[PDB]
Amino acid sequence: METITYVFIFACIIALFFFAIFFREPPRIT
Amino acid sequence: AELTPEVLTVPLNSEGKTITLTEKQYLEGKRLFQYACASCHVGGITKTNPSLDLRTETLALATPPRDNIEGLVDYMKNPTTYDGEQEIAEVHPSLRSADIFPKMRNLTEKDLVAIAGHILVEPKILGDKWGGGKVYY
Amino acid sequence: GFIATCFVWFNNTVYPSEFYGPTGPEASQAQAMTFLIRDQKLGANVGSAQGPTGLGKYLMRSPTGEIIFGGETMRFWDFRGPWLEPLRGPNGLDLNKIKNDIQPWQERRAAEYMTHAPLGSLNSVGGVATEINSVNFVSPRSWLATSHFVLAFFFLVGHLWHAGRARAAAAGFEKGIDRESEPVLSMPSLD
Amino acid sequence: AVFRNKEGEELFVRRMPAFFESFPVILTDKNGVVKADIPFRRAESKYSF
Amino acid sequence: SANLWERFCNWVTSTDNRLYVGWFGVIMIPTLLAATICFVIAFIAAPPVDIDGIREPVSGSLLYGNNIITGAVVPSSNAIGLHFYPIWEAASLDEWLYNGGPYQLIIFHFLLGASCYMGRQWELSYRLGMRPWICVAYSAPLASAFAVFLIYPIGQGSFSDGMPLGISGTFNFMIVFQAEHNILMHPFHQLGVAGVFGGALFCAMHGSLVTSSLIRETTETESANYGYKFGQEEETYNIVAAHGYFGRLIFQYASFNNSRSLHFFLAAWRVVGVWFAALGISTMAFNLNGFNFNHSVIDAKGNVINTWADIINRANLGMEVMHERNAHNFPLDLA
Amino acid sequence: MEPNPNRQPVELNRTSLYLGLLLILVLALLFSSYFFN
Amino acid sequence: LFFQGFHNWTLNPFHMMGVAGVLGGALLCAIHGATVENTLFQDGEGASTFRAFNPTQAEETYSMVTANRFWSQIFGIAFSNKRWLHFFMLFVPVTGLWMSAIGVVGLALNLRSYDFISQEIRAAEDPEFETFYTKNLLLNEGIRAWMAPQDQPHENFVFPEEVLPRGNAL
Amino acid sequence: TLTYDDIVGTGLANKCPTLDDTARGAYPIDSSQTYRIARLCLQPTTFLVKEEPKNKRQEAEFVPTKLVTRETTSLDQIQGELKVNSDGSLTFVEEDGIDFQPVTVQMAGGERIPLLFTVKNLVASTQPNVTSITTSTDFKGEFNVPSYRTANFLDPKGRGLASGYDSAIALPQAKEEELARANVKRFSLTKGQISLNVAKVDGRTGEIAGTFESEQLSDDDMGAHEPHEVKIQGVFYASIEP
Amino acid sequence: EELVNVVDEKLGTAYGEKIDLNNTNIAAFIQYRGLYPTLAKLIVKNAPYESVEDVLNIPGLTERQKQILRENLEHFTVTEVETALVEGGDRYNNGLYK
Amino acid sequence: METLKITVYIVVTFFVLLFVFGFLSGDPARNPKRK
Amino acid sequence: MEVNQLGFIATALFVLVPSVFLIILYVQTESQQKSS
Amino acid sequence: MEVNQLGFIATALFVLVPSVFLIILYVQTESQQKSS
Ligand SMILES: CCCCCCCCCCCCCCCCCC(=O)OC[C@H](CO[C@@H]1O[C@H](CO[C@H]2O[C@H](CO)[C@H](O)[C@H](O)[C@H]2O)[C@H](O)[C@H](O)[C@H]1O)OC(=O)CCCCCCCCCCCCCCCCC
Ligand code: CLA
Ligand code: CLA
Ligand code: CLA
Ligand code: CLA
Ligand code: CLA
Ligand code: CLA
Ligand SMILES: CCCCCCCCCCCCCCCC(=O)O[C@H](COC(=O)CCCCCCCCCCCC)CO[C@@H]1O[C@@H](CO)[C@H](O)[C@H](O)[C@@H]1O
Ligand SMILES: CCCCCCCCCCCCCCCC(=O)O[C@H](COC(=O)CCCCCCCCCCCC)CO[C@@H]1O[C@@H](CO)[C@H](O)[C@H](O)[C@@H]1O
Ligand SMILES: CCCCCCCCCCCCCCCC(=O)O[C@H](COC(=O)CCCCCCCCCCCC)CO[C@@H]1O[C@@H](CO)[C@H](O)[C@H](O)[C@@H]1O
Ligand SMILES: [Br-]
Ligand SMILES: [Br-]
Ligand SMILES: [Fe+2]
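Residues numbered from 1 in each chain as written, not as in the entry; some residues may be left out. Chains lettered and ligands numbered in written order. Part of a larger assembly, values for the part shown. Heavy atoms only, no water. Residues with missing side-chain atoms left out of burial classes, pairs and counts.

Structure determination for the deposited model, as stated in its record, used X-ray crystallography, and the stated resolution is 3.70 Å.

Listed in the archive, the entry goes by the title "Crystal structure of Br-substituted Photosystem II complex".

What UniProt states about chain A under its Subcellular location heading is, verbatim, "Cellular thylakoid membrane". According to its UniProt record, chain A has this under Sequence similarities: "Belongs to the PsbT family." (UniProt positions renumbered as here; feature names shortened; annotations may be inferred.)

Following this line, the structure appears as structure tokens:
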């Protein structure tokens with residue numbers, strides 16, 4: 001487990017990274 | 001009025017007679033020491049070889065006894081191992097020390113006679129922090 | 001400064017240990033050298049003396065299969081100098097030359113570099129981090145190594161400084177950007 | 001339990017207090033002198049049980 | 001028409017791409033990725049590594065040291081010290097494993113690459129008209145990490161003592177340090193704290209005051225963090241409305257009047273000392289350690305009167321002795 | 001890159017979920033012991 | 001050192017956050033600091049920024065847009081809305097700094113984060129398992145046995161030379 | 001004819017001398033004169049660990065291990081009077097000499113097996129009756145095998161022998177009646193056997209090269225996990241002398 | 001059916017109150033005078049002694065050294081050699097300083 | 001092993017060249033405008 | 001007794017993953033009209 | 001190792017109860033304009 005428990009929480013931060021540098025919701029200029 | 005003359009009163013020879021040091025001449029024992037031995041014998045212990053210390057007990061147990069001014073002086077004149085024979089001047093700088101490690105070239109009696117004192121005197125000062133390095137401090 | 005600080009820290013020749021101090025490595029080797037000698041004299045056999053780690057109390061093989069002092073001193077096996085070379089052989093240290101050719105003088109030189117090592121204290125106090133107040137020397141090689149670094153360092157950040165701004169003169173950004181035509185305001189904003 | 005030795009003096013086990021999660025077993029009879037202790041370093045062991 | 005390379009050279013420098021692939025980037029990315037994915041794996045399944053020379057592998061890891069605070073990437077082994085251990089040396093990847101081989105490869109990479117980030121951190125400073133000294137505030141960063149990965153090693157024998165990458169290894173690496181260099185007794189390490197313990201103190205301010213001075217754009221209907229639609233050239237927060245406060249907290253003249261002389265000061269505090277620290281460690285990698293006052297303070301007869309820093313000595317001598325036990329057979333640690 | 005039309009609104013009612021919730025929680029009661037074994 | 005010793009503070013989740021605050025907060029204090037000094041415009045004459053507009057007059061010195069795309073392309077993600085960037089600068093430190101403060105109460109009742117059960121047990125029965133954790137853990141004993149006595153005078157510590165733990169040769 | 005430099009960092013300074021190709025004449029002995037061998041050198045080729053099969057009546061196998069330790073596997077420069085006994089044989093003993101050399105290997109699985117390749121004590125006995133060391137002559141004898149680590153080696157948690165923490169200190173009130181295995185670290189000693197077979201000699205010099213074997217036991221690791229069996233073979237070398 | 005610490009159990013005998021001419025590290029010979037430097041080297045460079053007197057034997061002794069030996073004899077002692085106590089050239093540098 | 005060495009070097013090289021040769025032509029001009 | 005240390009973990013999850021799924025699609029529904 | 005057979009449930013959940021909470025308040029949000 002744990003060994004896995006640890007890898008996952010990680011392989012996630014990588015997800016949540018991919019999601020914020022590409023699905024960033026564009027800053028609008030008004 | 002802390003380091004009394006009766007403490008600077010040490011054994012100079014074997015017989016048991018005694019000599020007193022000046023609040024002055026003591027200083028020199030130190031100043032000289034650091035110049036001449038610091039490298040090693042710091043805190044009262046030989047760094048080149050930790051099995052040998054400068055404590056009083058030890059000295060007296062040395063041979064020739066080295067628990068007195070003339071004795072340590074002997075040393076500073078002719079260095080030899082604990083227990084009799086084996087002249088180690090060719091290694092341990094000592095007045096013999098063929099000017100090798102010149103730190104020795106200058107010193108004179110006024111000097112060796114003092115250093116020595118700095119040796120028997122120190123322990124009386126430092127409990128025995130004089131002999132055991134590191135563990136105390 | 002860097003390619004400098006290094007020269008003093010390591011080099012034995014253009015930086016004779018006799019005028020400056022004993023190069024760090026030279027110090028570490030002085031240690032073993034000493035106690036190897038202090039010990040062989042007590043009647044021990046460094047050749048076969050088995051370490052406590054099980055590696056080699058005074059000597060051990062190197063990734064090259066050569067002989068080099070043991071313990072931790074292995075960290076400095078590449079080091080070389082006049083007081084050891086003769087006490088050296090064809091495959092690294094030589095068990096023969098190391099047993100009797102051990103000429104008298106070397107033991108002491110090998111000693112001096114032990115007592116006097118490239119370690120000290122800001123307020124000049126020679127000895128490991130926690131030594132009583134007595135010797136007070138701090139190696140020159142230690143002093144030139146540190147000094148220069150701080151300088152050669154800053155400089156690198158000093159080159160950034162200008163080489164980066166001076167890139168803005170021949171560009172005119174140096175003074176900021178123009179309140180009316182900011183170059184990013186005319187770019188297909190990626191999102 | 002009271003510890004004694006050849007002599008028979010009643011030694012006393014110095015205890016472990018708050019902070020320490022580990023302690024070295026040191027035996028001091030009354031008056032407070034060290035009279036026995038399990039030594040981490042065995043070679044120059046003087047008081048060792 | 002321009003040939004195909006003249007294109008490449010525009011693609012790599014195009015101010016358009018999602019994330020700039022500046023020239024520096026051409027060595028940054030390839031490097032950075034090498035490292036990461038390597039580390040990322042050997043942080044999972046890291047065969048038992050043997051840092052210090054003695055053959056007694058200490059491998060914290062997951063597929064062994066099943067934990068996050070525990071495991072880390074263990075250093076190179078004295079054995080092959082300051083020597084370059086190129087994966088392609090180990091007569092067996094299993095050998096390149098025993099001897100911390102994975103460490104290096106990663107370190108040199110993340111090192112040089114960070115240098116690349118350092119640079120390609122200005123490539124836009126130019127590729128986009130604006131002051132170049134952003135990358136310069138990144139000096140304090142890099143340098144440091146360099147000081148704790150390269151300098152100390154070159155300084156001493158081998159990388160064996162180079163900030164093991166992993167939570168707890170940090171601490172080990174640290175505690176050792178404090179015990180071989182009175183680095184807490186440094187007027188340098190002071191300067192890391194000095195500023196770091198400042199930026200924290202100041203980040204709280206400018207962040208404080210600024211937020212402490214916002215016009216009035218919503219009235220708790222929703223939030224107050226909307227008092228700024230992005231791009232507007234106005235300044236959601238009031239400058240003098242702001243100073244009026246701090247000037248009123250600590251006597252005037254003491255609170256900042258000019259806004260640009262403010263924000264600068266914010267790189268001023270951090271970077272200035274964070275550099276020093278970076279130097280401090282980098283300084284001691286040559287053995288010019290923190291202050292030595294052991295015993296210093298004396299008595300008349302000569303009894304030793306204790307300096308606070310004398311205590312500090314025991315909590316040092318303590319760690320001093322135990323660290324790297326059974327790894328050195330002599331009395332003086334010269335590294 | 002013009003928006004997408006094939007993007008109808010996502011459908012779910014305040015009672016459909018309840019019918020689902022019941023079925024889901026109870027499904028568990030049953031199937032749960034057979035997990036604890 | 002005291003704490004590193006008998007408390008092993010450095011291993012606490014909390015304190016490891018205080019660290020998070022006191023570091024990032026500084027990172028911010030500078031990321032933004034020089035993020036500013038290198039964004040603003042030429043709204044003054046000379047080659048120095050001190051005379052540059054203010055005090056509160058013309059609006060904004062740094063274009064939060066020209067700087068934006070700088071990071072959104074370098075480090076991937078940047079800001080928008082200086083309103084939050086000024087309230088996230090507050091959080092970071094004031095925040096993390098509070099964290100530790102909790103953990104610290106935990107040290108009052110010695111109720112600290114010292115051991116990792118899963119570890120000592122796997123260590124106990126295996127002279128071949130060593131993690132930094134254990135290494136660090138040995139330091140403590142050292143930085144304690146040598147300390148305590150001359151540090152806690154009132155608990156008359158009597159420490160024989162043997163008893164005292166310490167590596168081989170040192 | 002070659003300096004410490006030529007070889008520094010080569011990857012042969014760990015390799016014994018190669019007795020010049022073509023030269024099988026042997027070295028004559030006396031009994032009127034006593035001989036000694038300047039240097040004994042034992043260079044290996046491969047190490048083999050005997051697999052401990054779970055099953056019983058299906059004989060132990062000798063699998064191959066890969067040299068994990070960076071090349072540090074040789075014992076060069078050894079000696080201890082080469083005597084001739086009222087027989088015909090030569091009995092070579094030993095004295096000084098770098099005979100230990102802790103090395104490790106990785107067994108087939110994920111396992112790590114360490115040992116200390118030694119010949120400490122070694123007693124060489126040649127074929128019952130020889131006059132000149134004729135190719136294929138031998139020596140097969142014994143040697144002691146200490147422990148992979150002196151009495152002072154301190155394991156992860158405090159513990160050890162010569163001077164280590166007493167018995168697992170991280171856990172206080174946990175029953176130890178079980179940990180005893182690791183609490184008390186005893187230091188073991190057992191002997192092993194080598195065996196030299198010659199295959200080249202310069203009757204003029206005395207340079208006798210060849211192959212060898214040795215079956216000593218892996219690491220006892222003080223009170224831990226019963227050792228493993230290791231066969232080791234390689235080339236060797238020694239050069240006689242009056 | 002139990003295992004015991006080999007070293008410290010010796011502390012309950014001769015070695016651990018006097019000097020075991022057959023094990024004790026060489027550096028305990030400073031403990032008395034006229035013994036260290038040489039005699040010490042000899043006492044050990046010679047094999048274990050089946051009896052405390054066998055010392056005076058050692059081939060090469062000057063009646064003076066044969067003497068010192070006699071008057072310090074009363075301090076010497078011997079017991080089973082001990083593999084873990086003197087293998088690793090510990091007898092000389094038992095790995096341990098000040 | 002040795003076979004990998006070169007592969008690795010090549011790559012390294014292929015790039016630096018890209019870094020050096022690249023940073024050369026069309027650079028001191030790589031910005032918005034030169035005033 | 002002697003239960004599967006994780007039987008509970010499976011029941012707990014299997015009662016959240018699927019369940020939450022609805023406490024997700026539902027909520028977004030009531031907000032079809034700017035509501036909680 | 002010999003961890004806490006329930007370190008899991010403890011972990012995993014603490015990364016779902018809170019987490020899923022956002023996926024909830026957030027999701028209803030894009031529905032503020034008849035969308036998924
Ligand atoms: C191959 C791919 C690797 C790529 C690396 C990627 C990372 C790059 C990031 C920065 C650039 C680094 C470039 C190489 C750094 C070399 C560091 C080093 O340890 O180099 C190794 C050498 C070795 O010097 C010593 O040289 C000694 C030689 O003297 C010895 O031998 C002599 C001859 O017999 C004499 O006998 C003498 O007495 C004896 O001591 C020994 O061989 C030692 O083993 C050896 O260590 O040192 C020196 O080269 C010092 C002088 C030249 C090297 C550079 C100087 C300082 C550079 C620091 C810059 C980083 C600072 C951080 C930046 C901060 C912000 C940007
Ligand atoms: C007050 C500031 C200061 C002071 C007092 C010194 C003092 C010294 N530096 Mg120095 N240095 C400084 C700042 C300073 N530096 C800065 C800001 C840098 C840039 C990083 C350097 C880079 C530097 C290098 C590379 C070297 C020195 C060296 C020296 C020593 C030799 C004196 C000298 O070389 O005569 C001049 C004539 C000589 C024959 C000395 C050496 C000749 C070679 C090394 C010169 C090669 C060119 C070199 C770049 C010129 C160095 C001049 C510079 C040091 C002032 C001397 C102690 C030399 C030494 O080795 O120190 C360890 C050396 O090699 N310095
Ligand atoms: C490469 C250099 C490096 C890196 C990456 C780290 C990273 C870290 N250190 Mg650290 N440290 C370093 C050098 C480094 N240190 C040095 C030289 C020292 C002194 C010798 C220390 C002393 C130290 C202490 C006392 C502590 C840390 C702690 C930490 C952690 C929390 C710090 C934090 O809150 O962020 C501060 C502000 C930030 C903006 C950093 C957060 C953003 C990212 C970078 C977090 C780290 C990402 C991670 C390293 C990589 C994961 C992804 C993968 C691609 C690597 C973090 C993992 C704390 C800890 O408990 O470990 C977690 C802690 O208590 N460090
Ligand atoms: C290297 C990484 C690192 C980082 C980033 C930190 C960060 C921190 N540590 Mg820490 N620590 C570390 C490593 C680290 N530590 C290590 C390796 C150890 C040894 C194990 C420790 C041991 C340690 C202890 C024992 C404590 C900390 C504490 C702290 C926190 C206190 C910071 C503070 O605001 O002080 C500022 C201190 C204050 C009291 C702020 C108020 C000061 C007043 C209000 C100002 C008055 C000034 C006055 C008006 C002017 C008079 C000046 C005069 C000279 C004229 C902070 C989060 C403290 C903590 O966690 O807090 C609960 C704490 O008690 N650390
Ligand atoms: C540009 C990006 C980049 C950079 C700067 C580096 C840099 C580095 N890598 Mg690396 N690497 C990269 C991309 C990069 N890598 C990629 C994409 C991969 C995929 C595998 C790798 C895989 C890799 C591995 C496995 C290793 C490295 C290692 C290294 C380090 C040693 C490099 C070295 O030995 O140079 C040496 C060579 C030069 C510096 C340039 C020389 C150019 C040669 C001599 C010319 C070509 C010769 C050719 C004409 C003749 C041969 C013909 C033949 C094919 C028939 C160094 C930090 C090593 C490590 O750091 O530790 C060991 C390491 O083991 N890298
Ligand atoms: C309150 C007490 C206190 C405080 C405030 C500090 C504070 C500090 N200590 Mg310290 N220390 C303490 C007590 C304390 N210490 C004690 C008691 C000890 C005894 C061991 C130490 C021992 C110690 C050591 C050995 C070191 C420190 C260092 C430091 C500094 C590290 C932070 C820094 O300089 O950043 C500089 C570092 C960076 C800017 C990192 C570089 C940036 C890289 C690229 C990060 C990588 C990010 C990663 C790859 C993420 C990738 C993607 C990600 C975004 C997902 C800091 C000033 C370090 C130091 O000062 O050197 C710099 C150091 O080496 N301390
Ligand atoms: C609560 C009262 C208090 C005070 C007055 C201080 C003060 C200090 N601590 Mg400190 N500290 C405290 C509590 C305190 N600490 C606690 C509770 C902990 C938990 C561990 C620490 C842990 C700690 C560490 C690890 C370190 C310090 C250090 C320092 C010094 C560096 C100052 C700094 O960098 O700030 C930056 C400046 C600001 C944040 C703004 C105000 C600056 C102060 C108030 C003025 C400093 C000037 C000084 C008093 C005299 C200069 C004269 C001149 C300015 C006219 C400073 C003397 C560092 C040190 O080595 O000492 C120098 C250091 O490394 N502290
Ligand atoms: C330990 C016990 C655990 C086991 C559970 C017990 C067995 C439960 C069986 C009942 C489930 C069938 C639901 C029919 C679906 C339906 O039609 O009712 C829907 C949801 O109602 C429900 O789900 C409500 C569920 C709670 C009812 C339980 C009543 C308690 C006992 C009453 C005693 C009175 C004295 C509401 O309307 C439905 O959904 C509407 C949309 O909201 C649509 O109009 C549909 O067409 C449909 O009408
Ligand atoms: C208590 C013990 C007794 C026995 C158990 C009692 C429970 C019986 C309930 C079942 C009734 C018939 C079958 C149910 C179908 C139904 O109910 O359908 C939907 C219900 O919600 C639903 O459940 C919709 C299905 C979503 C299930 C989500 C859980 C699955 C896990 C997801 C994991 C993702 C990784 C709603 O129906 C819809 O109703 C409207 C939409 O709300 C539409 O107009 C259509 O009519 C459509 O049919
Ligand atoms: C093993 C690693 C695990 C540890 C994690 C690593 C440490 C992470 C530290 C960074 C977090 C700080 C975020 C600042 C908040 C902010 O301002 O960015 C916001 C969210 O961005 C984010 O959260 C995105 C998080 C992913 C960024 C990671 C980049 C990967 C490395 C890039 C390397 C480039 C070569 C987006 O904008 C914010 O939110 C906006 C509303 O959407 C408002 O405008 C706010 O004012 C504010 O601007
Ligand atoms: Br350590
Ligand atoms: Br050492
Ligand atoms: Fe601002």
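1. Observations regarding the sheet that holds strand β8 (residues 102-106) of chain H
Residues and elements named next belong to chain H. Taking strand neighbours across the sheet as the criterion, the 3 strands line up as β4-β8-β9 in an open arrangement whose pairing is antiparallel. Pairing within the sheet leaves two strands with one partner each, and these edge strands are β4 (66-67) and β9 (112-116). Relative to β9, β8 runs antiparallel, the two being bridged by 5 bridges. Along β9, the bridge assignment pairs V103 with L115. (Pairing = 2+ DSSP bridges. Helix = DSSP H or I, 4+ residues; strand = E, 2+ residues; numbered from the N terminus.)

2. Topic: the interface of chain I and chain H
Note: interface size is frequently given as the accessible area lost on complex formation between the parts. Taken together, the contacts link 12 residues of chain I with 12 residues of chain H. In this assembly, chain I packs against chain H so that about 1000 Å² is buried in total across both faces, 66% of it on carbon and sulfur atoms. Our enumeration of links across chain I and chain H arrives at 0 salt bridges. Counting every contact that joins chain I to chain H gives 0 residue pairs in polar contact. Across the side of chain I that touches chain H, the residue classes tally to 5 nonpolar, 5 polar and 2 charged. (Contact = heavy atoms within 4.5 Å. Buried area = accessible area lost by both parts, 1.4 Å probe. Salt bridge = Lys/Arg side-chain N within 4 Å of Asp/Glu carboxyl O. Polar contact = N/O pair within 3.5 Å; in protein donor to acceptor, adjacent residues only side chain to side chain. Nonpolar A, V, L, I, M, F, W, Y, C, P; charged D, E, K, R; others polar.)

3. Considerations on the packing of aromatic side chains
The full count for this structure, using the stated rule, is 66 aromatic pairs over all chains. Through a chain of ring-to-ring contacts, the aromatic side chains of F19, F20 and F23 of chain D together with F2, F3, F6, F157 and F159 of chain G assemble into a single cluster. Taking NZ or CZ as reference, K134 of chain B lies 5.9 Å from the ring centre of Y137 of chain B, over its face. The residue whose ring lies beneath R88 of chain C is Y4 of chain H, and the NZ or CZ to ring-centre distance is 4.9 Å. (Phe/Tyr/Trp six-rings, centres within 6.5 Å; stacked < 30°, edge-to-face > 60°. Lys NZ or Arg CZ within 6 Å of the ring centre and 35° of its normal.)

4. Points about unusual backbone geometry
With omega at 0 degrees, the peptide bond leading from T63 of chain B into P64 of chain B counts as cis. The linkage connecting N54 of chain G with the following residue, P55 of chain G, adopts the cis geometry, with an omega of 0 degrees. Here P55 of chain G is to be found in the loop between α2 (15-37) and α3 (68-71).

5. Remarks on the pairing of β9 of chain H
Judged by how many residues are buried, β9 of chain H sits mostly within the fold: 5 of 5 residues are covered. In textbook terms, the turn of a hairpin is the stretch between consecutive antiparallel strands, and for β8 of chain H and β9 of chain H this stretch comprises 5 residues. (Buried < 20%, exposed > 50% of the residue type's maximum accessible area, 1.4 Å probe, protein only.)

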